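Report on one structure; see the data block that follows.
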Amino acid sequence: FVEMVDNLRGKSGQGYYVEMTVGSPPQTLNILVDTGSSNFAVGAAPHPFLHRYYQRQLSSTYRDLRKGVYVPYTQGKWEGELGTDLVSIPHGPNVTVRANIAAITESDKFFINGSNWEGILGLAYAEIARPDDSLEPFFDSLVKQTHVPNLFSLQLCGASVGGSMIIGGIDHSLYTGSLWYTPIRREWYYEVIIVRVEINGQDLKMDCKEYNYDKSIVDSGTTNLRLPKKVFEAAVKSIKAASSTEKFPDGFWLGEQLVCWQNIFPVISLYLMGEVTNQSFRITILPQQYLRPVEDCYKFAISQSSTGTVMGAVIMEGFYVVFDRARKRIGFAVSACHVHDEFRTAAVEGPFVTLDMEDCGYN
Ligand SMILES: Nc1nc2ccccc2cc1CCC(=O)NCC1CCCCC1
């Protein structure tokens, strides 16, 4: 899959994008890779932020679905006109599919000023597609229409970021050690179950049901590791107790200010439900994952949420992540490109014994 190695680019804090082509003749666009949404949506109008946009008038293969789509969120919106057209990934499988495309015609706080992407590829399942679950997501169309195996994997490496999206397979050069798999609880977001959290090896002794209130997802379209508040404060409570060589204001635990140089911070381990009854594994991240530079200087990349846990780039940049859709599971392995110092490396370890892992899920 050497074709697809290094097929992801971006800028710190602006997401990871892949090159795609839409229409005939092919129109090239940079498209954010997003495992926390399910719409393939592209700029279709000359927004001043945009390098380029989908020009439906130039495409002989374009078909109008004569239906609009309105997507409000926190805190912005995009909206557009639904159609289908021919889609390829130049540095992906050597195929071309007819996919749904939302031509974005109005937008608010969606596109980033200074970014190099013009659209978004929702890689999650139809249940969270807009307007409804009848709009077939891109990856579903891809798997149906070709012989591309029903999985993809992401190596996000982290001004310019790099990475790999391996479509239809796994490149073993992108990781070391073994992959460990956690069940996809339900096919809407990439939902998983966290069963135990350790700050510096120390348990948080919270009812594990709290770690998944009301869900926990894997999301390449989110920068931070995001935790339910009730879990977040207990997590912060421990993190700032483990960090007592220096002092930091309560505004920073959001965060606001920056440490600036020319070990005091604890490692973080999430235990995830395993493939076998009463069996789990753990993924361990460094401070060099939840301490992100802005523009030796760093910010605090863990924050609170009301929609559940979000395993974003903070988590994902330490690991090679396999979205094994065919077997309803997600694999984690230590990434070959993750950033480590001489004292600590990010880790994926198992098996561990954990009882009552079902009680950790919220219904
Ligand atoms: N991953 C993401 N991608 C996004 C892309 C555009 C606007 C908002 C986004 C938010 C997230 C965070 C995950 C999330 O809350 N997803 C729920 C809906 C939000 C509306 C779009 C479909 C998915």
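Simple scheme: letters A, B, ... for chains in structure tokens order, numbers from 1 for residues in each chain, numbers from 1 for ligands in the order shown.
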(request) Quick one: everything within 9 Å of range 164-175 of chain A, counting only C-alpha atoms, minus sequence neighbours fewer than 2 positions away in the same chain. Send it as a ChimeraX atom specification. (result) /A:1-9,18,33,92-93,143,147-157,162,177-179,319-320,322,324,333-337
Would you save the residues from that selection as a compact mmCIF listing (two decimals), in the first residue's frame, using C-alpha atoms?
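Once everything was written out, this is result-v5.txt:
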# COMPACT_ATOMS: atom_id res chain seq x y z
CA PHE A 1 0.00 0.00 0.00
CA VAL A 2 3.09 2.19 -0.49
CA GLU A 3 0.98 4.24 -2.92
CA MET A 4 -1.05 5.58 0.02
CA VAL A 5 1.81 6.16 2.50
CA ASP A 6 2.18 9.87 3.33
CA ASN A 7 -1.09 10.75 1.54
CA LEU A 8 -2.19 13.06 4.39
CA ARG A 9 -1.17 16.68 4.98
CA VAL A 18 -6.37 13.93 1.54
CA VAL A 33 -10.52 13.24 6.81
CA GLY A 92 -5.75 5.73 -2.77
CA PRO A 93 -7.18 2.64 -4.48
CA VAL A 143 -17.12 -0.78 -0.70
CA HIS A 147 -13.59 -4.79 -4.36
CA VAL A 148 -11.91 -2.49 -1.82
CA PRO A 149 -11.97 -4.38 1.51
CA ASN A 150 -14.28 -2.88 4.12
CA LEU A 151 -11.65 -1.20 6.29
CA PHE A 152 -9.32 1.79 6.42
CA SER A 153 -6.54 2.80 8.79
CA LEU A 154 -5.08 6.10 9.92
CA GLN A 155 -1.55 7.06 10.88
CA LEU A 156 -1.70 10.69 12.00
CA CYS A 157 1.86 11.87 12.62
CA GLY A 162 1.71 14.54 7.85
CA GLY A 177 4.29 -4.49 18.02
CA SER A 178 0.80 -5.88 17.77
CA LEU A 179 -2.59 -4.38 16.99
CA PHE A 319 -1.17 5.25 17.48
CA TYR A 320 -1.79 3.49 14.21
CA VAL A 322 -7.45 0.49 12.18
CA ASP A 324 -11.94 -2.54 10.81
CA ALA A 333 -0.94 -0.20 17.79
CA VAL A 334 2.06 1.96 18.64
CA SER A 335 2.68 4.22 15.64
CA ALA A 336 6.08 4.19 13.94
CA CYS A 337 5.94 8.01 13.76
(request) For residue 247 in chain A, please output as a VMD selection string all residues within 12 Å (counting only C-alpha atoms; exclusion window: fewer than 4 positions along the same chain). (result) chain A and resid 239 to 243 252 to 253 257 to 259 264 to 265
Just asking: which residues within range 44-96 of chain A are strand (DSSP E or B) according to DSSP, as a JSON list (two decimals) with N, CA, C and O atoms, in the first residue's frame?
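Done, and the output landed in result07.json:
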[["chain", "number", "residue", "atom", "x", "y", "z"],
["A", 63, "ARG", "N", -24.97, 14.62, -11.32],
["A", 63, "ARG", "CA", -26.42, 14.43, -11.28],
["A", 63, "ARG", "C", -27.00, 15.12, -10.05],
["A", 63, "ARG", "O", -26.50, 14.95, -8.93],
["A", 64, "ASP", "N", -28.05, 15.90, -10.28],
["A", 64, "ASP", "CA", -28.74, 16.64, -9.22],
["A", 64, "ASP", "C", -29.70, 15.70, -8.52],
["A", 64, "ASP", "O", -30.40, 14.93, -9.18],
["A", 65, "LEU", "N", -29.74, 15.76, -7.19],
["A", 65, "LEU", "CA", -30.71, 14.98, -6.41],
["A", 65, "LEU", "C", -31.91, 15.84, -6.03],
["A", 65, "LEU", "O", -32.88, 15.37, -5.43],
["A", 66, "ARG", "N", -31.82, 17.12, -6.41],
["A", 66, "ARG", "CA", -32.86, 18.12, -6.18],
["A", 66, "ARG", "C", -33.37, 18.10, -4.74],
["A", 66, "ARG", "O", -34.58, 18.12, -4.48],
["A", 67, "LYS", "N", -32.42, 18.06, -3.81],
["A", 67, "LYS", "CA", -32.71, 18.12, -2.39],
["A", 67, "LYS", "C", -31.59, 18.89, -1.69],
["A", 67, "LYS", "O", -30.41, 18.75, -2.04],
["A", 68, "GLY", "N", -31.98, 19.71, -0.71],
["A", 68, "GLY", "CA", -31.04, 20.48, 0.07],
["A", 68, "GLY", "C", -30.67, 19.75, 1.34],
["A", 68, "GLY", "O", -31.30, 18.75, 1.70],
["A", 69, "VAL", "N", -29.64, 20.24, 2.02],
["A", 69, "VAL", "CA", -29.18, 19.66, 3.28],
["A", 69, "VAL", "C", -28.70, 20.80, 4.17],
["A", 69, "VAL", "O", -27.93, 21.66, 3.74],
["A", 70, "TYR", "N", -29.19, 20.84, 5.40],
["A", 70, "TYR", "CA", -28.85, 21.91, 6.33],
["A", 70, "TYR", "C", -28.25, 21.31, 7.58],
["A", 70, "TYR", "O", -28.89, 20.49, 8.24],
["A", 71, "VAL", "N", -27.02, 21.70, 7.90],
["A", 71, "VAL", "CA", -26.28, 21.09, 9.00],
["A", 71, "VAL", "C", -25.80, 22.12, 10.02],
["A", 71, "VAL", "O", -24.68, 22.62, 9.93],
["A", 72, "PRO", "N", -26.65, 22.44, 11.01],
["A", 72, "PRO", "CA", -26.18, 23.28, 12.09],
["A", 72, "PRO", "C", -25.42, 22.43, 13.10],
["A", 72, "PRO", "O", -25.66, 21.22, 13.19],
["A", 73, "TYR", "N", -24.49, 23.05, 13.81],
["A", 73, "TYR", "CA", -23.70, 22.37, 14.85],
["A", 73, "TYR", "C", -23.19, 23.42, 15.84],
["A", 73, "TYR", "O", -23.65, 24.56, 15.81],
["A", 76, "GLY", "N", -21.55, 26.59, 14.36],
["A", 76, "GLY", "CA", -21.56, 27.04, 13.00],
["A", 76, "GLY", "C", -22.59, 26.25, 12.23],
["A", 76, "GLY", "O", -23.43, 25.57, 12.81],
["A", 77, "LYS", "N", -22.52, 26.37, 10.92],
["A", 77, "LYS", "CA", -23.36, 25.58, 10.06],
["A", 77, "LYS", "C", -22.69, 25.43, 8.71],
["A", 77, "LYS", "O", -21.83, 26.22, 8.34],
["A", 78, "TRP", "N", -23.08, 24.40, 7.99],
["A", 78, "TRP", "CA", -22.91, 24.39, 6.56],
["A", 78, "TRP", "C", -24.22, 23.92, 5.99],
["A", 78, "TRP", "O", -25.00, 23.23, 6.66],
["A", 79, "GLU", "N", -24.49, 24.31, 4.75],
["A", 79, "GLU", "CA", -25.67, 23.83, 4.05],
["A", 79, "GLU", "C", -25.40, 23.76, 2.57],
["A", 79, "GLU", "O", -24.51, 24.44, 2.05],
["A", 80, "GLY", "N", -26.16, 22.92, 1.89],
["A", 80, "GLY", "CA", -25.96, 22.76, 0.47],
["A", 80, "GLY", "C", -26.97, 21.95, -0.29],
["A", 80, "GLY", "O", -28.06, 21.65, 0.20],
["A", 81, "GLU", "N", -26.58, 21.61, -1.51],
["A", 81, "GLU", "CA", -27.42, 20.95, -2.48],
["A", 81, "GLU", "C", -26.83, 19.58, -2.76],
["A", 81, "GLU", "O", -25.64, 19.46, -3.07],
["A", 82, "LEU", "N", -27.67, 18.56, -2.66],
["A", 82, "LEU", "CA", -27.23, 17.17, -2.83],
["A", 82, "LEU", "C", -27.20, 16.75, -4.28],
["A", 82, "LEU", "O", -28.08, 17.11, -5.06],
["A", 83, "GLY", "N", -26.18, 15.98, -4.62],
["A", 83, "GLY", "CA", -26.03, 15.38, -5.93],
["A", 83, "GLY", "C", -25.15, 14.15, -5.81],
["A", 83, "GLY", "O", -24.75, 13.78, -4.71],
["A", 84, "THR", "N", -24.89, 13.51, -6.95],
["A", 84, "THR", "CA", -23.90, 12.45, -7.04],
["A", 84, "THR", "C", -22.99, 12.79, -8.19],
["A", 84, "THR", "O", -23.39, 13.50, -9.11],
["A", 85, "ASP", "N", -21.77, 12.27, -8.14],
["A", 85, "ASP", "CA", -20.79, 12.42, -9.21],
["A", 85, "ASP", "C", -19.71, 11.37, -8.99],
["A", 85, "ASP", "O", -19.71, 10.68, -7.95],
["A", 86, "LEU", "N", -18.79, 11.26, -9.95],
["A", 86, "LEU", "CA", -17.68, 10.32, -9.91],
["A", 86, "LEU", "C", -16.54, 10.83, -9.03],
["A", 86, "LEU", "O", -16.10, 11.97, -9.17],
["A", 87, "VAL", "N", -16.06, 9.97, -8.13],
["A", 87, "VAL", "CA", -15.06, 10.35, -7.14],
["A", 87, "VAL", "C", -13.87, 9.39, -7.14],
["A", 87, "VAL", "O", -14.04, 8.17, -7.22],
["A", 88, "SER", "N", -12.66, 9.95, -7.08],
["A", 88, "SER", "CA", -11.43, 9.17, -6.94],
["A", 88, "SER", "C", -10.54, 9.76, -5.85],
["A", 88, "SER", "O", -10.66, 10.94, -5.48]]
Closest atom pairs, chain A residues within 6 Å of ligand 1, only C-alpha atoms and all ligand atoms, as a Markdown table:
| residue | atom | partner | partner_atom_place_in_ligand_line | distance |
| --- | --- | --- | --- | --- |
| A:34 | CA | ligand 1 | 1 (N) | 5.6 |
| A:36 | CA | ligand 1 | 1 (N) | 3.6 |
| A:37 | CA | ligand 1 | 23 (C) | 4.0 |
| A:73 | CA | ligand 1 | 20 (C) | 5.3 |
| A:219 | CA | ligand 1 | 1 (N) | 5.7 |
| A:221 | CA | ligand 1 | 1 (N) | 4.1 |
| A:222 | CA | ligand 1 | 1 (N) | 5.6 |
(message) Please determine, counting only C-alpha atoms, which residue among A:159, A:316, A:142, A:285 has the shortest atom-to-atom distance to residue 123 in chain A.
(response)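 Checking each of A:159, A:316, A:142, A:285 against residue 123 in chain A, counting only C-alpha atoms, the winner is A:142.
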(request) Point out the residue among A:303, A:14, A:363, A:96 with the least atom-to-atom distance to residue 209 in chain A, counting only C-alpha atoms. (result)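 Smallest separation from residue 209 in chain A among the options: A:363.
Taking only C-alpha atoms into account, residue 139 in chain A lies nearest to A:39 out of the set A:203, A:103, A:111, A:39.
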(request) Between A:291, A:360, A:89, A:283, single out the one closest to residue 331 in chain A, counting only C-alpha atoms. (result) A:283
